[PDB]
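Shown next, in structure tokens, is the structure this report addresses.
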Amino acid sequence: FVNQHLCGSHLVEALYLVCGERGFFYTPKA
Amino acid sequence: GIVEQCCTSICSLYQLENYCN
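Quick mapping for you: the protein sequence lines, in order, are chains A and B.
If you count the first sequence from 1, you need to add 24 to reach UniProt numbering.
If you count the second sequence from 1, you need to add 87 to reach UniProt numbering.
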């Protein structure tokens, strides 16, 4: 589910599944 | 950024983990 084009909510969803309880930071303009 | 690496181009597990805390 990670080896594709991931945009918007699809990308945040991927970060969520991958990073787990560590959490993540989403910075689309950085 | 992450949009350039994972949205405009094909994403990867390697790159996604660069944004974990």
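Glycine included, every Cβ here is placed at the ideal spot set by N, Cα and C.
As assigned by DSSP and simplified to three states, the class of residue i
i, result
"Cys107 (chain B)", "strand"
Residue i burial status per 10 Å Cβ neighbour count (16 or more: buried)
i, result
"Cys93 (chain B)", "buried"
"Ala38 (chain A)", "buried"
"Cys98 (chain B)", "buried"
"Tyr101 (chain B)", "exposed"
"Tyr40 (chain A)", "exposed"
"residue 15 (chain A)", "Missing from the structure shown is residue 15 (chain A); chain A here goes from 25 to 54 and no further."
Host alpha helix (DSSP H) of residue i (start-end)
i, result
"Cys93 (chain B)", "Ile89 to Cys93"
"residue 1 (chain A)", "Lying before the first or after the last residue shown, residue 1 (chain A) is absent from chain A, which here runs from 25 to 54."
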